[PDB]
Structures are given as structure tokens and as C-alpha cells.
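Undergrad: so I've got this experimental structure, pasted below with the sequence.
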Amino acid sequence: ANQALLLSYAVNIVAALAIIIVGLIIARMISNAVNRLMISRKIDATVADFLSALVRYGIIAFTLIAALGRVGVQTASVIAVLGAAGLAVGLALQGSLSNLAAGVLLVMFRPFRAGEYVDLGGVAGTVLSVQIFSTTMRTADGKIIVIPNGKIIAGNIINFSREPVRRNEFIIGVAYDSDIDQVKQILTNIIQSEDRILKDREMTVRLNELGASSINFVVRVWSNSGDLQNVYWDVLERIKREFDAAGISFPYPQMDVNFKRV
Amino acid sequence: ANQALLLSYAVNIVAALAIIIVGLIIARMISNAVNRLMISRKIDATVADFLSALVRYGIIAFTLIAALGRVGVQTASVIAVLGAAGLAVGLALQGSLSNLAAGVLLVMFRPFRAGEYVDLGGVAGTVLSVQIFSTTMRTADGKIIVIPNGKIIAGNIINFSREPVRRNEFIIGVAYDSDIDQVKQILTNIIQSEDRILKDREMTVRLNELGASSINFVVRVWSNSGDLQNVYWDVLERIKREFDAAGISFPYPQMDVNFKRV
Amino acid sequence: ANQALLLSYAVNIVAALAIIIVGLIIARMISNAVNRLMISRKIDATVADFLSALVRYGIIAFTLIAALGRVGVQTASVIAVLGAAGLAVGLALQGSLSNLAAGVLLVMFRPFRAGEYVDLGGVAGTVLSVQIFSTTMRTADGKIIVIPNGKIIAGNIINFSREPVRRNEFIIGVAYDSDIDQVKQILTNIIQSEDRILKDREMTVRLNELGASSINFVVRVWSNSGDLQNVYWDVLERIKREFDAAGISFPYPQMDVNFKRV
Amino acid sequence: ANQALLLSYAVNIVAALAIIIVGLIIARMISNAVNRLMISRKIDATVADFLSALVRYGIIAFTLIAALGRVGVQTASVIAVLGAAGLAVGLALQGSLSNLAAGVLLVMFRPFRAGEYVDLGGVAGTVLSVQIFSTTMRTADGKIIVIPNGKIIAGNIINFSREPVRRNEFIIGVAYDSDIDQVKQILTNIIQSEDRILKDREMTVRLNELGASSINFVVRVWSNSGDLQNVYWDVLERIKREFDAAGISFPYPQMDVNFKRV
Amino acid sequence: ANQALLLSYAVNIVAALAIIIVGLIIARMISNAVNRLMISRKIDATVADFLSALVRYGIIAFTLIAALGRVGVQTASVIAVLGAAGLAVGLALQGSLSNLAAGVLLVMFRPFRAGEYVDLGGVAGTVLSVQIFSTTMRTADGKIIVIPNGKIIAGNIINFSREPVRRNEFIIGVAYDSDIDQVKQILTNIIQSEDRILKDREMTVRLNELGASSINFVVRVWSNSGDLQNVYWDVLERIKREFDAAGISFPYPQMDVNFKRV
Amino acid sequence: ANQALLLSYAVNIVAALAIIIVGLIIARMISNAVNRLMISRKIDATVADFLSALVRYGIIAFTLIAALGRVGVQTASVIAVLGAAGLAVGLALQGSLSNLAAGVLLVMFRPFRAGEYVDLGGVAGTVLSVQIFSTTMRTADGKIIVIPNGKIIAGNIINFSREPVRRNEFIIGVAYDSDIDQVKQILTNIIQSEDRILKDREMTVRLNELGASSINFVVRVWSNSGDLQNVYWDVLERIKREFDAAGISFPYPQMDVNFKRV
Amino acid sequence: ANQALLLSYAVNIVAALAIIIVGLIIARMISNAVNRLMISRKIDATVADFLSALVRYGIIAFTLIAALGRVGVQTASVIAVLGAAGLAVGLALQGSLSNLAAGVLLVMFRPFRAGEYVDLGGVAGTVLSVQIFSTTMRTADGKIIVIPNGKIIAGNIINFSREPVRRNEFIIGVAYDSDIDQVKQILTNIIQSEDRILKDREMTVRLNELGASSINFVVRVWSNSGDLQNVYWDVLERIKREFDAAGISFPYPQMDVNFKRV
């Protein structure tokens, strides 16, 4: 009998569907325009994508509110349900968002770059790449370590490769009866005859400690980062050979034994 | 007397029940359509299920609000009660949601896969499977370790099997009076005569440390991941045999005893 | 004089009491129906009880709002007071809810079951039962340890009994002058003559380490979980007896003493 | 002149005071009735008191809202001020509420009871009582330790007294030249001649470890909880006496000294 | 021209000032009355002060809302601004509130009192006083330690002075060739001849451990708390003197040296 | 044509600017008056500044709401935007606010003062000043340590300088064959002949431990805080000299060597 | 037919676009004016930028609300969507905001400055610069460490370079038979003959400890920060030379061996 009400309900459903379609199209267009505008301003691609996604989902939320109000759902109900859904999605994506922001910061400020040897909170290796959510490094023995970006930015970043010049330290323990001046001059000759040691830097050769069984000399010399390990090995071998040749003894653990027979 | 009011109450209850039924049916249909649409777009099954569940429960919330408003419950009351119930359910399911998102991320980005040996925050073993809420690994001695996914993604992932080539390290301590060149050449011959050691990689044989009782040589060689342990064992046995044959002594702990009798 | 107002107040109080009674009855009936429906769908009893309790308390909240509005208390006041009470109850029951959800997950996914020996975050023992809020285990020496379920699911679960086959490891230190081939062949004969050692598994007998006073051999063999400890004991005793018979010496801590008398 | 307004203000103040008095009386009566109802249902006294306090304070909040609305204070203002006050009180009482819930759980599920020796997160002692907010234990040396209930339920509970039977473990180190069979048979005779050792339980006597200076035998026997320490002491003394009588030597730390005079 | 509007604005300002004054006076009076009522009910002074401060500030908030509404500021604006200010003050005072509640609990339940020696989470000393926010203790060497109350109640409280009787433990290591019965009887005579040792308590004198160089005897005796240290010192001195007199040797670290000359 | 609307818009903008100016002036005046009132009540300057800033910013918020409502911005929009801005500022200033409150508490209660030597959570030094956000101390070797105030109040405060009298402890290890009475009397004479040791305090000289190589005596004496280190040094030197004079031997690490030649 | 409605919709869209443009322009102008005003008041540039960004985004939010209300979107919907977007952005930028505030505090209060050697929570090095989100330091061996500002301000800051004068400490262990007065006078002569040691500061030379094998003397002297290490090295070398010349012996680890042959 009352055919007007059924027609009104049908036209309301059709209007809601039309609103949904038009709103989705408008959201896509506006989000794409905003993304292109942000990219043209040299803003980072990840940040632009995040902001454009926010814009698109906001416009879609407006469209959903309008359509559901058309089919009789109140604005407060739609807002509450969308808020609950967004809270659930945000709880699911909180860690991913933290890692995403951290990766953006890592790429932007470059505390380390690919190819550099770093120590990221107890693990050390050569950086391979900083991905969207985590950074991959390869250790000296060939292991692959994947570290989330947020964990990296939250802690200390120790970069071994950033400075072109680094320092070697030698701790040489010789017998107490060794001549101090002879040890000093032999070590000084060894480090002066080495061309890869920078002569304009610190060249410390000092007696450092009176140990339990030996007197320890400290040698601190600087070299280019690509020569540090080779310099250490060569200087150590030369120290061994020249101390053996000069009679300077590397002492075994000492022990004064007071003999008492009962 | 006033039979109109009772009939109105009955028809309101019937209308509420009809709204509940129709809303449940519509929620099921729309959730299934959205799930099929997301699956057809190659979106992950778990993500599609989560989003479809959100859509279905949102439509059910709309239906409940409508029906309870029909039976006289105000919209604000329904929103508050549904919010309290959803907050309780979310508190119950927070950890499960975190593990679910972490497992989705693990499957999507594949920091490790089944069959690879990994170290996940202090526990090492072969990955068996990444399940919905946790990952199962079997240790080298046969234990089964179950680790929640969120704990895995929150920490470092060390992958032992990702790189096809890995490095062995040998620390050999010989007596101080040993000839350095003889030790170097014997170790070099041992590592050159081994076919499983990659000759195009690093083949370091250097004197590394002047220890308390011995001078330590470091040997670093690379091999395919499937040959690393066998290479280590064979090279160690050959080092022992050839050092015994050549007279190079592995020294016991040394002690210089200064004898004093009172 | 104005007897109408007092009668109106009395009838409002009576209406509020009737609303309270009817709402309690309806809440009980609907909660029971929902619980039976969820149980008939093979849903877990604990989850069904939790959801039915939520439904019942929501209906009771609706009834309280209606009755208090009848006696003149505003809807916002009732919502705020019920929210404060629910927040207090939720603060009291947060840990219990976490443990309840964790126990449901433990029973559903079964990382361990009753009778299995597990290590749950530093404590090891045989699982007795997973209760509603905590899991009880008995240690090897007879202690009873009660661990909350949330603590269990939040950490690593190491299961000793899940795999039917497990591995034994032997570290045997022999004197440096021992013949490597003789040690290898004696250990190989010992592990081949043992029937409980699985011959289709790994049977590693290798020289593993050049220690301070001894050379260490590693023996890794597999056995059924019920034979692991007995195999370890029998193999160790046989190793001792056969090394004593063959003259292979287990060395005491060594010390090279360089005697110097002043 | 306008005496009507002053009379209206006075009557509003009087009405507010009457509302306050009546609401306090009604809150007390309803809270007491609810408390008696919950007690008659065998519900725990602490839970009943907590819920009755919530009911009473909710009714008092309703009364305050009504009275302050009578004297012209808006409902939103009263709700906001009461919410701020309740938030402050809840911040003050959060830890006490956590301890109260934990104590209720401890009394309800009884992981330990008064008189039992337990280890509660690193501290061990005999439980004296579980109070409303904390549990008191007395250590073996007479100290009194007070532990909050929430800390107890949040961690592992190790109960030493729950099982009627517990296990002793003996690690006996004998000289390498000792006869294995003689040691095994002497230990077996010692543990068989002890009546307090349960013969239907495990009676392990095995060689367990090849130590640096001794070979270690493990003896594991079970006894009633009240006899464990006495059994340990008696068995240890018998082991000492019988090993001395049989010539089995408990070895001092060994040292192979290779004498070299320069 | 329009002098009515200016007069209305002036009278609104005057009305707001009058409301402010009257509300402050009423808040003071009601807060004082509530404080006196709570004190007369034997409620703790600190709790009464806290609750009275809450009441006074709530009444002041009502007065501010009324006055600012008089001068045209909307109720929602006043509520939001007061909420922001209260949130800032609460953030500033959160730790102080926690310490205040903890101090109230400490005074109420008295886990320790002034003059008792306690160990509060790793620091031990004699309690001087429990103040409003922290507790002061003096260590054995005279240091003053101030510990916040919340930190105290959140952790274990070890009370050394609560029990009137405490236990001493002696670990005496004697040579392996010592007669067990003679050692036991000498220690038993020493502890029986001491009057300050409670003879109705445990008087354990047992062989406890077969150490590396000595056999260890455990002596556990009880005494009044004021005699524990003196008993320990006297018993130790008597043990030394009587073991010296009886020939029982306290052994130096032992070493079996196997002499080998190459 | 319609010049009335443009004039209305201009007059609304002018009214908004006038409201902004008048509100800023009123906020400044009222904040200054409140600050002077709080200062005149001897309230701490920092607390008065904080509260006056809150008052001023609240009045400015009221003014902004009024002006933006004048130019057509709704009250809810202004409240939401100001809330977002305040939340951002509060997130930025949370740690600073915590440190500010902690510094106020430190100055008010004075657990330490400038010039006193304290240990603040593992770092020890002389307090220089308590600033607004952090406290500066100078260590014994001249380092400057800056510690945030919140970290200081959250942890234990150990004050070395608060008590005028402190205790020294001496642990003297003598040979086992030393006469106990002679050692006791020599130490007693040393501590009695020292005038800076308080004779009305504890003067403990007891045998404390039977060590591995020596018997340890404990000496505990009290002195004024300014004499503690000098007393320790003088007493130690006197102990050395008098033990050397009396023949009491400070023993070297002992070792019983059981010689066995194979 | 109804061309009025379409024209109205078009004019509403045009009005919304005009509102957007005008609001963006006004936001830029007002934000720039506020930024210039804050800069002219000597306020920090970073704080001014943060506050100006807040002002600009608030005005943009007002403009968006107005325009979307023009095109029919309700104010509550716009507020909710903008709140969700702002919450997401704040979650992304929380750590960056914390680091920004911490860097502002570091620059403002200057606990350390560029060129000073500091220890920031376990890592020590020379400060290079305090950037917007992190601080860069170079270690003594040339490594580069990047530390987030929030981590720096949350922990202790140890400044090695702030004080112009610092203290050296020498622990010299000599043989027990050494003359105490001779050692004291030799050390005193060494430290008096050193010109870089401040004679107006502490010059402690005392016997500090009776060690296991030696008696330890403590020497504490002060010097300018630029001379500390050189003074330490020179004084140590002089101590060695003069003790060798005077016959004072640096003792090897001592051992009293009680010889027993069985």
C-alpha cells in the first residue's frame, strides 16, 4: 500500500552507494595530488606516502560518515566504530610505525651508510642496507644480522669507518730488570721506521704500568683506517723480533716461592 | 484497557529482533565481499581476515545501536557499553594482536625462513615454522623452543645460513721460542692444501697476540657454509699433527718460580 | 494536600524496581542463551564464559541506566559512575585477565602439555597442569613451581620432551702426547657397539680444541629421549674403562715450572 | 523588597542538604544489603567489601550530583570535579589495589600456605601469613621478610613443602685410580642400608663427570620431606667413613709439574 | 549613550568577584569541617589532609566555573582549562603522591619501625624515621641513607630486629685426616658450655661438605638478637683455641704436585 | 551593494583584536598579582612561578576562545586545537617538569646540601649546587658530574657528611700460629693511645674469620668525620710497625704441597 | 530543472576552496609574525620554530574545519579525523620530539660543550657537536659515536674537562720488608721535585693497604688538566728508577709452600 516508504529506502541506499563511490574517487584523486605536491617539494618519499595515506583515509572516513548517515546510522556511532577500528589497527602497527620513522631518520641524517663498519648496541658488522623497517649488516665472519630501525636509533651508534684516521694501541710487558731507555728507543725506532704510521700525530711510547710480573709499556700510533690492522700486525711482529734480538725478555708469570719443610 | 501501548511495545521488540537478524546477515555478506576483494588483490590472508573481522564487527555494532535504540536504549548508552566491552576484549587480546602483526611481518619480509639456523635473542636453533602467534625452532641438541613473534621482531635476528660463504677463525698458541716464519709457513701450507678453503677470499695467517704463556697466531679462512665445521676440524687436526712433526710446541701454562729458602 | 506528587514518586520507585528485576532476569536469560550458542559452536569454555559475562554485565548496565533515569538520575551521571566503577574493577583484574588470556592460548596451541619437561624462563620441570591463571610444574628434585600464564607466554618456551630423538655431547680431554687416531678409533668403537645410539644419525668423533692442559675430543650421538641419560652414563663409563685399559691418560692440570734460585 | 528570591535560595539550600542526608542514608543501606547478599553467596569477604564500597561511593556520587544541581552547579561540572578527585585517589591507591587483588588471588588459589617453605623471587623462608597488602615470611636464620602480594603473584612461586617426597643429590669426587665398581657398590650398600631412603624411587649411583682432579659420582635418592636433610648428613658421613675404611681417596687438587732448570 | 550595557558589564564583574570570595570562604569552611570530621573518626592525619584538600579544590573549581560563566566564559572552556592545569600539576606531583601513599602505608602497617635494623633493597641500616616522602636510615658505619617511600614499599623489606631470637652459622674447615667424632664432640662441648646459646632450639653440629682442601662442619645455634654477634665471636675464638689444643688442624690450601723432570 | 556585511566583518575582526589585547593585559596583571600573593605567603619561588604561569596561560586560553568565537571559530574547535598544542608542549616538557619538581623537593627537604659528600646512585662526589633541572657534583679526583634531579629523587641518597661521627673498620690478617691475646692487646693499645678515636663509642677488637691463609681480626672504632681518613692511615701504619716489632707475621698466601715423584 | 541546487553546490565548493586558500595565507602570515616576535625576544630558534609550527597548524586546522563545514562535513567529524591524523603523526614523531627538547636543553644549559671530553652513560669521547636530534663524539682511538639527545639528558653526564685541575692517583706495591719511612720520603721527594704538581693542593703519600704479596702506598697529587697524563707517566718512571736505585723491591706474587713428601 505505502509504496512511497519503500521507494524512499531504496533511493537512500542508492544515494549511500553513490556517495561511497564518489568519495573513494575523490579521496584517491586528492591523495595523489597531495603526494605529487609533496614529492615535487623534495620531501622524502616515505614521509609523503605516509601523509598521503593519512589524507586518503581521512577523506574515506568522511565519505563513510556521510553514507552511513544517509542509511540512518548516526554520526556518533560511525565515529566510535571507526575509532575502535583505527585503535585496533594502530595497536597492530605501532612497532612498524616506530621502525618506519626510525628508518626515515636514519636515511635522512646518515649516522652510518652502506659499506661502513658499525657497532649497533653490541653487534658489529658492515652495513648492507637500511630497509623500511630494519637494517641489515654482515659481520666479519659472514653472519647476517637484521636489526629493527627503532632499536638502532634508540641506542648508541658507534661508527668505525667515519674517520679516515684511527689509532692503534700496543701493551708490551717486559721483565722488571729490562732497561727502560733501551725499550723506549727500540719501540721508537720501530714506529719511526714504519711509513704507514702518521708522524704528524701522537707517537706515545711510555711506561704505563708496574704489573704483577712485568712492566707494561703503552705505544699509541695513528694510521689511515685501511692500514690499521696491517700496521698492528707488522709492528707486533717487529717488536717480537727486535726484543728477541736485543735480549729484552717477555716474562712468564712470576712467583716468589718461600720454601719451608716441616 | 489501553491495548495500543502493549501492541506498540511488542511491535518495537519485533522490529528490534528483525533489525538484529538483518544486520547480522548484512554484516556477514559485506565482510565476506570485502575479504574476497582483498584476497583477489593479493593481500596477505591474515591481514584480510583482520580487516574483514573489523568490518563485520563494526556493522554488527551499528545494528546493535539501531536495535537497542528501537527498544529504548539511548545511543550514548550503547556506545559506552560497547566501548567498555571492546576495551576489555582489547586488553585481553593486546599481546595476541602484537604477535599476529609480528608474524605477518616475519612472513612478509622473511628475515629468516624454515630450515635456516638463527639466533633469536640468545637462543639459537633451526627454524621449523612461523605460526600465527609464535615461531618454533629446534636446537642443535634436539630441544624445541617456542618464541613469540613480537619478541622476535623487537630484537636482533642473527641469521647463520643466509650467506653462502662464512669464515673460520683459528687461535693457535705456540711457545715463545718458536720460529715465527716456520709457524707461518706451516699454517700457510695447511690452508693452501685444503681444497674447501676459498683461495679467492681472505687467508690471513698472522701473529696476533703476545700472551702470558704463548704467542698466539690467528688464521682466518673462508669456506662454503656446508663445509665450515668440517674444515675447522680437519685444519685443527692437521695443525696438531704438523706442529708435532715439526717440533713446534704447544706450551703448558708457564711460571717463573724464584726460589727463596728462609 | 498535594497527594498526586507523592503517589507519582512512589510509582516511579516501584517502576524502577520492576525495571531492575526484569532487566536482571533478561540479562541472565540472554547471557545463558549466548553461552550455550557459543559452546555449541565448539568455542572454548573460558572464552564463552568471558563473552557471556560481558553480555550479561552490559545488559545489567542498560537496566541500571533505565532504572536510575526513572528515579531521576541523568544518563550521563550513571554512565560516568559505572565507568569509574568499571575502571576500578579493571585495574583490580588486569593481571588476572592477562593470565586468563595466556592460559587460554596455552591450552589452545599447546606449546607444552602435562607430563612434558620444559624450561620456562630459567625454571625447568615437568608440567603438572595449566590452570586458569597459572601453570604448575614439578622440578627434578621434587619442588613445586607455580608460574603465571602471562609470564609463560611472554617468554621463550623450551620443550625437552617434544622431539622423540635428542643428542648427547661428550667432551673428553686427553693428554697432548696421546695418539689421535687411537683415541678416535676407540671412541668410534664405543659408540658403534652401543645399540641405543642411532646409527642413521650424526656420529661425530672429532678433535675439537687444543686446551691448556689437554686436547679435547667432541663426541655427538643421537638417541631416543628415554635413553639419553642412560646412554650418556654408559658411554662415559666405557670411555673411562677403555682409556685406562689402552693407556690413554686423562691429564691433570699441567704447569711448566722454570726453576730459578737466587 | 524581593523577599521571594531569598526564600527560594534558602529553600534550595535546605533541599540540597536534605538530598545529601537522604542519599547518604540510602547509600549506606544499599551498600550493606549488597554486602550481606554477596557474603551469603560465599563470595570472598575482601571482594564483597570492595564491590560494596564501589556501590556506596556510586550512590554518594549520584546524591552529590543531585544536590549540587539543586544549588545550581551543572552536572558536567560535578562530573568533571568528581572525576578529577577519583583520578587522584586512584593514583594514590593503585599499588594498594594491585596488592589487594594479588592477596585475594593468593588466598583463593593457595600456591603456598602458612607454614610452608617457599622461594618468592630470590628470597626463601617459611610463610607466616598472607595479609591484605603483603605476605610475611621468616627465613631459616630468623629474619622477617615482608613481600608485597603483587610482586609475589607477578613472579615464580617455588614451593619446597608441597610435595611429600623430595630428592637428595650427592656429588662425590674420588681419585682417578679408584676402582669404579668398588665405589659403585660401596655407595649402593650405603643407600640400601638407609631405611629413610625410598627403595621404590630412583636410586641412581653413576659415574657422572671426568673432572680436572677427580672423577665425580652422582647419587640421587628420594626421601620424605621431613627426612631429607638428616638423610643427606647421615649418608655423607657414612660415605666419608666407608671410603676412608676402603682406601678410596678423596683427591686434593692435582698438578702435573714439568720441572725445567735453566 | 547606551549606559545600560556598561552598567550590566560592571555588575557582572562585581557578581563574579562576589562569587569568587563567597566560594573561597565556603570551600575553606567545608574543607575544615570535613577534616575535623575525619580526624574525629581516628582516620590518619595525612589521609584526612589529602581528602580535605581534594574537597576544597573541588569547591574552588565549582566557584571558578560559576564566576567565569558570570563573566561570559563557557563551562566547557573552564572545564578544559582547569583539566589542563590539573593534569600539569598531577604530572608534577605524581612521584610525590606515590611516596605520600607509600609513607602512609608504612606508618599504618609498620613493616619496620624506628630503631630496627632493616635491609631495604640492597641497603641496610637502622631506621631513624619515616617522613612524608622518604625514610632515613643510618648504616653501621655512620652513613645516612634517604630512600623514597614508594621504592621501599615496592620491594622486599628484610627486618633483622623483628624476631627476638636469631641463628648463628659456623663453617669450620678441618683437615681430612681429622677424627670426625672428636671434632663433633669438641664443637658440641663448646656450644653446650655457652649459656647464651638457647638449648631448647636447634644445635646442629654436622659434617656438611667434602671440600677441595678441607672437610667442612656446619654449626647452627640460636641466641637472643642482642647476643648474636658476641656469641659468634666467643664461639669462634673458643673453636680456634680448642682445636689448637686438641691438635685438630685448620688446613692450608692443598696441592698434590706430581714432579716430572725432562 | 551590501556594505553592511563587510562593515560587520571588519568590526568583528576589530573586536577580536581588542579582546586579544585586553585579555593579554588582564592575564599579565592577574598572574603578577597571584605571583606576588604566593611569594608574600613564603611559598617557594619556583612553585609560585609555575602556578602563575598556569594562571596566565589559562586566562590567555579564555581570551583566545572568546576572540576566535568572535571571528566565527567554534568553541569546540578552539578547545581541540589548544588541547593538541598543549599536549605537544607537555610531551616536549615532561622530563623538564619532572626535574623541576624534583629540584623543588630537593631544595625543600634538603637530603643533601652544597659541600656535603654524597653517593647518588653509584656516583659519589661533593655537591656543588642544586640547579633548576639538575645537580652538579665534583668527584674526589676533580671530575664534574651533572645528574638530573628526577633521577636523584627517584633513587637512594647516601650522605657521607650528615653525621658528625663515623666508623673505621680494619681487617688485619695474621698467621695462624700468632697468639690471639697478644694481637688483641696490641691492637687495643694502639686504639687506646689514639686520641682522635672516641673512647665512649664502640672499640671492637675481635677475631672475626678463619681465612684460607690467615686469621682475620676486625677493629671498629669511631671518630669525627674530619679525622676518619687520617685515623685510618695512622692506625694502619702503627699496626704494621708494632706487629713487625712484636714478631707478629702478616702471612703470604699459604700452600701445602704434597710432593709425589713418579 | 532545479538549476538552483546545482549552482548552490558549486558556489559552496568555490567558497570552500576560497576559505582554504585564505586560511593557508593567514596561517603563514601569522606564524611568520609570531616567529619573528619570538626571535626578537632572544628566544631560542628551535623553540620559536616549534611554537610557530604549532600556531600555523592550528590555524590550518581552523581553516579545514571551516571549509569542510562549508561542503557539509560536520565539525565533530573533522575534529575526530584531524585528531586521528595528529595522533598518528605524534606517535611517529614522539622520539624525535623528545630528542629535540633534549638537544634544546643541552644547548641552553651546556653540561658539556664542543671540545670537552665527557662520559655519557658508558661511552667516553670528545664532543664534536650537539645536533638537532643527537650528539656526535669522537673517542680517543678515533671512533665516532652518535648518541640521541634524550638518552644523554636522561642519564649522568661526567665531564672530564670542566675543572681546570684534576688529581692523579698512584698505587705502588712494595715488599713487606721495605722500610716505610724510606718509601715515604722517596715518594715525597719525587712529587716535590715535580714542578707540574700543585704544591698548594693535596700531596698525600700514605701506606694504604696490607695486600696479599705487597704493602700498597697511595700517592694523590693534583695538576692542571693538560698535564695530568704526562705527570702520571713521568712520576711512574721516576718511581721505578728511584726504587730500583734505592733497593726497594717491587714484589712478585708470593707463596709460602709447606713441603710434604709422602
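TA: Good, I have the coordinates. Residues are numbered from 1 along each chain as shown, chains lettered A, B, ... in the order given.
Undergrad: closest point of chain A to chain C, which residue?
TA: Chain C sits closest to residue A:252 of chain A, with a gap of 6.5 Å, by C-beta to the nearest C-beta. For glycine as for every other residue, the C-beta is placed from the backbone atoms N, C-alpha and C.
Undergrad: burial count for that residue?
TA: Neighbour count of residue A:252, defined by other C-beta atoms under 10 Å in any protein chain shown: 21.
Undergrad: and for stretch A:237-248, what's in contact with it?
TA: A:170, A:172, A:174-175, A:178, A:182-183, A:186-187, A:189-190, A:194, A:249-250, B:180, B:206-207, B:210, B:215 (C-beta atoms under 8 Å, 6 or more residues apart in numbering or on different chains).
Undergrad: quick one, strands of the stretch 101-250 of chain A?
TA: Under the criterion DSSP state E, counting those that start in this stretch, strands of the stretch 101-250 of chain A are mapped to A:117-120, A:123-130, A:134-138, A:144-148, A:157-159, A:165-174, A:203-210, A:215-224.
Undergrad: so is the shortest one next to chain B?
TA: No: Strand A:157-159 lies out of reach of chain B by C-beta under 8 Å from any C-beta of the partner chain, never closer than 14.5 Å.
Undergrad: rewinding a little: wasn't the residue of chain A closest to chain C part of a helix?
TA: No: Residue A:252 sits outside any helix when classified using DSSP: H, G, I helix; E, B strand; the rest coil, being coil.
Undergrad: ok, the nearest residue to it once chain neighbours are set aside - contacts?
TA: Spatially, and ignoring its direct neighbours in sequence, residue A:252 is nearest to residue B:254 (3.8 Å; C-beta to C-beta, 6 or more residues apart in numbering or on different chains). Applying C-beta under 8 Å, 6+ apart to residue B:254 gives the contacts A:252, A:253, B:212, B:213, C:256, C:258.
Undergrad: residue contacts, the residue of chain A closest to chain C?
TA: A:213, B:212, B:213, B:254, B:255, B:256, C:258.
Undergrad: for PyMOL, what selects the buried ones among the contacts of stretch A:237-248?
TA: A single PyMOL command selects the buried members of those (16 or more other C-beta atoms under 10 Å in any protein chain shown):
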select buried, (chain A and resi 170+172+174+178+183+186+187+190+194+249+250) or (chain B and resi 180+206+207+210+215)
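Undergrad: is chain G contacted by the helix or strand in which residue A:58 is found?
TA: Assigned by DSSP states H and E, residue A:58 falls within helix A:45-70. Yes: counting by C-beta under 8 Å from any C-beta, chain G has neighbours in helix A:45-70: A:50, A:54, A:58, A:61, A:62, A:65, A:66.
Undergrad: swap in stretch A:153-170?
TA: Yes: residues of stretch A:153-170 contacting chain G under C-beta under 8 Å from any C-beta: A:153-160, A:162-163, A:165-167, A:169.
Undergrad: any of those residues buried? List them.
TA: Counted by 16+ other C-beta under 10 Å, the residues of stretch A:153-170 next to chain G give A:153, A:155, A:156, A:157, A:158, A:159, A:160, A:162, A:163, A:166, A:167 as buried.
Undergrad: for those, which one is nearest chain B?
TA: residue A:155 (11.4 Å).
Undergrad: that closest one is in contact with residue A:120, isn't it?
TA: Yes: assessed by C-beta atoms under 8 Å, residue A:155 is found in contact with residue A:120 at 7.1 Å.
Undergrad: return the residues of chain A in contact with chain C.
TA: Checking chain A against chain C by C-beta under 8 Å from any C-beta, the hits are residue A:252.
Undergrad: how is chain A divided into domains?
TA: As given by automatic domain parsing, the domain ranges for chain A are A:3-109, A:117-159, A:165-246.
Undergrad: circling back to that earlier point, which of the residues of stretch A:153-170 next to chain G sits closest to residue G:19?
TA: residue A:153 (39.7 Å; C-beta to C-beta).
Undergrad: now that closest one. Nearest residue, chain neighbours left out?
TA: Using C-beta to C-beta, 6+ apart, the nearest residue to residue A:153 is residue A:102, at 4.3 Å.
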